[PDB]
């Protein structure tokens, strides 16, 4: 699935009061049990990156965000191989779990999808 | 420049076993690939040796296997090693495939190694089936009869194809001699495909248990994974030793010590344990052709995992719902195995049909739904 | 310890020679030890134990 | 947390006698034993296995 | 998607200092007892439900099916067997 | 009596059916038969039931005289064949195949 | 004489007495039912194999080790 | 399936050879050969066993040569191409009671007594099944059982009706070692002997297995030490990050 799809569907849910009332609490528990924060990751660090679109989005990250992402991946790799969890300031707090990459990938995909549409235009 | 890098032959070995850059956090489930290579080497060594003493003619086959057990120096060991390693080969291949499914090894950019992997699995099944016939005991004959008759279901030409496979009108001498030649060949084909899936993998490298890139943090294959592979090699050899020396016939069927008799049918004809889940799937569909299609589809459906998994994240480490669904899928696969060897009696008939539906619905319904919902929970839950 | 290291370990040629010689010794002694232990735990049962009657 | 000249704490792992010959010799004793059992195991394996090619009992009879 | 040593395909790295000590300088089994007891307990406790729930369910299903099948093929189960076929 | 002749590795069941056996077989309404056939379609001579004694389900050999329709019972998955060797109960789809057989003499048939 | 004879008798009278009585009662029923006329033209003819199996399984559990000890 | 259709499952008897480190009792093997020879061999062959196989297991070279030399075997034709017989040699296989299946079935009311060389591996239960079957003929079949003609009731045999009658009775054999030949004793000895016939490598195999277990376990332990030794720099790695 594309990030665009995921973001649009999520926005439909967040709009509907009923839907948000039942989905948002579930999503928060899901994230707590997921446990990626206990390896010091942010949610966006987990997104598959071996695609042209994602490689382009990663290249457009500001240098500081890019250097920090590299460190979180290396740190999480070291927790994984040691069979340990983060402690203290290495644990990602909910307020630090920012969607740093989502705006870049949504722009890359917007152009990619517009290009696909425009490749199929028919002069009326 | 070091010779290992400069010389083109050495550099090929170097690229796969020495300088090969690996993730630094592979867990012990990344050791099944080297155990599978070990099983393949044991099967080649023991198999070629048994070929030096075995006679493929139906009048002599079963007795040549007794001669191996009784007269050939260490023949009992070579025979039991070959027979038990065939089971260990399937335990390791199920573990390796389960690792691949849990950790999302089938996702881009690893679709090609996974797809060639599905063919390796089919070749292993065929190799093992033909080798089991070579003993020419009761299970050998009757298993060949039942399984080869499934080809009769192919419309129009099925009957003709069966007679062509048998080289006659029933399983007999021509079939045994051709199964010997093909059983000798198929492991070499299987080794080529095993090499192909590794070459295909080498473009992306190994995935890792976190599902993220390892390009940030690589370790040489040697010495780290060489020495970590030795631990599981010795654990494997301990299990091998316990079966081969202390319980060599635990995994077998006693009826295969009775010489093949085309007249008398044994009490129950079942395949070897590792084929049992596919046999249960076949029983679930009442139609002959339906059942054969379902049974083949149960393997070929693995080819669609790259499509039906809609997750933006690779692997299950951080996906609690996917982990539960995977647990149920695996246990259902084991229950199908058990149902493959029960009698066709109530209430196992209906249970086998429900388990078959669950097997297919994992690929077609549940994994696409669960992976869609989890995408949304990750996004909303972390806002 | 330095002496032992210097003679048997420092040169790989010497280390491999020591390992192979030890493997030779181990193989011969282990064979004899297992044979005796096997004979003690299975005493009175083996052909060698009843052979004298015949 | 900031200075890179302050080496992180390795005291939980560091051996005091790390530069001694006794220290190295112990680790090579483990490696050597492992090499020795692997040599003895390979020899046994090869000898028993290849003996299948020598005259079988029915031939010697 | 993977290069080779010297050009692996990492985004640029800067600002990380990494430190480690020789295998000869370290105790390889440091903290083994704590790990073997407390670390294994933590790791197992956190995964236990994902194994227990499916295993226990499928074992229960099997147990019920196998007991019914056994009962149907007794004298007492004659009538229920006749209906089932 | 029912004989078992090996013919191309398959068993051949040859039963020398009595008068009353033939009668028993000619009773069953053709309507209620997975594979609807009457004995006259099966045998070319009412006193010689000649069949390929491989069960039509998977390919085990039915034990004769046993069954529930007192003809042949496949022990493998419990399929019951008749005195015509027609399938009555169990997983088997078809009646036991009839080989191509010709009575050269009245005392010998070729299969 | 055969040690088994004594061991089996002892196990039937002792730890396997409930099963012994079940088998006995079954036999009584079946023999009486066979005695009655138009038994040959009955749909269901009861046997005592099940009860026999329960008894023998029980005797074997209480005897196997004891028997091999005296051979 | 009914329990009767399966057959009653035999008890687990404590055989001497049960036990990772246990051989057969060779005195029992020798006695079991004598039961085979004097009782079973009337109907059952042992075609996979040669006289040489007994030597150094149950008998000396001389005893086994004596057994072989008492029999006549087909020789190569003489110079006019006429058939000849010769005395047996150690290389010869133990000869069976019947020339073919048809003769075997004719002598046993249609039933064919199987060859016993692999019977301990060819039946679930092995020695326990052979012992249970031989000693498990009730005096009377359970009320209600209808045996087919020429069948005998035995609950261990699937379906209950076996074509072999009870053959072991107290004192049918006189053992040469003075052991009381009760039904139970003879069944135990012959079941041991047949287990040996099915798997004559048994004793050697389990001893080689003990050596393998010891070596492989030590190698496993050392491989753990070596892996941990080599991996410690990776496991112990620490980082200081100063964001640029």
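To keep things simple, chains are lettered A, B, C, D, E, F, G and H as they appear, and every chain counts its residues starting from 1.
We take it that a contact is a pair of C-beta atoms (placed from the backbone, for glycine too) under 8 Å apart; a residue touches a chain by one contact, two chains touch by 3 or more.
According to UniProt, the chain labels map to these proteins: A = Cytochrome b-c1 complex subunit 7; B = Cytochrome b; C = Complex III subunit 9; E = Cytochrome b-c1 complex subunit 8; H = quinol--cytochrome-c reductase.
**Student:** On the document's contact criterion, could you list the chains that touch chain E and likewise touch chain H?
**Tutor:** Touching chain E and chain H alike, sorted by label: A, B, D, G.
**Student:** Relative to chain H, which chain's C-alpha centre is the most remote?
**Tutor:** Chain centre farthest from chain H's centre: A.
**Student:** Comparing the two chain pairs, does D-H have more C-beta contacts than B-D, or is it the other way round?
**Tutor:** By the number of C-beta pairs in contact, the winner is D-H.
**Student:** What chain is most central when centres are computed from CA atoms?
**Tutor:** Chain B is the most central one.
**Student:** Centroid of chain A to centroid of chain G, CA atoms only: how many Å?
**Tutor:** 72
**Student:** Between chain E and chain G, what is the gap in Å from one C-alpha centre to the other?
**Tutor:** 48
**Student:** Provide the C-alpha centroid distance between chain B (Cytochrome b) and chain C (Complex III subunit 9), rounded to the nearest whole angstrom.
**Tutor:** Those two chain centres are 40 Å apart.
**Student:** If you average the CA atoms of chain B (Cytochrome b) and of chain H, how far apart do the two points sit, in angstrom?
**Tutor:** It comes to 33 Å between the two C-alpha centres.
**Student:** Which chain C (Complex III subunit 9) residues sit where two or more other chains touch them?
**Tutor:** Expected reply: 30.
**Student:** Give me the residues of chain B (Cytochrome b) that touch two or more other chains.
**Tutor:** In chain B (Cytochrome b), 24, 70, 77, 109, 204, 213, 216, 267, 320, 343, 345 touch at least two other chains.
**Student:** Going through chain A residue by residue, note those that touch at least 2 other chains and give them in order.
**Tutor:** Residues 35, 50, 63, 67, 70-71, 74, 78, 81 of chain A each touch two or more of the other chains.
**Student:** For this entry, which pairs of chains touch?
**Tutor:** Pairwise, the chains that meet the contact rule are A-B, A-E, A-H, B-D, B-E, B-F, B-H, C-D, C-H, D-E, D-H, E-G, E-H, G-H.
**Student:** Contact residues on chain C (Complex III subunit 9) for chain H in the complex?
**Tutor:** 30, 34, 38, 41-42, 45-47, 49-51, 53-54
**Student:** In the complex of these two chains, what residues of chain E are touching chain A?
**Tutor:** 1, 10-16, 35, 39, 43, 46
**Student:** Taking the complex as given, what residues does chain B (Cytochrome b) use to touch chain D?
**Tutor:** 45, 49, 52-53, 67, 70-75, 77-78
**Student:** With touch defined as at the start, can you tell me which chain F residues reach chain B (Cytochrome b) in the complex?
**Tutor:** Answer in residue numbers: 4, 6, 8-11, 58-61, 75-78, 91, 93.
**Student:** Which positions of chain D touch chain C (Complex III subunit 9) when the two form their complex?
**Tutor:** Against chain C (Complex III subunit 9), the touching part of chain D is residues 20-22, 24-25, 28, 32, 35-37, 39-40, 43-44.
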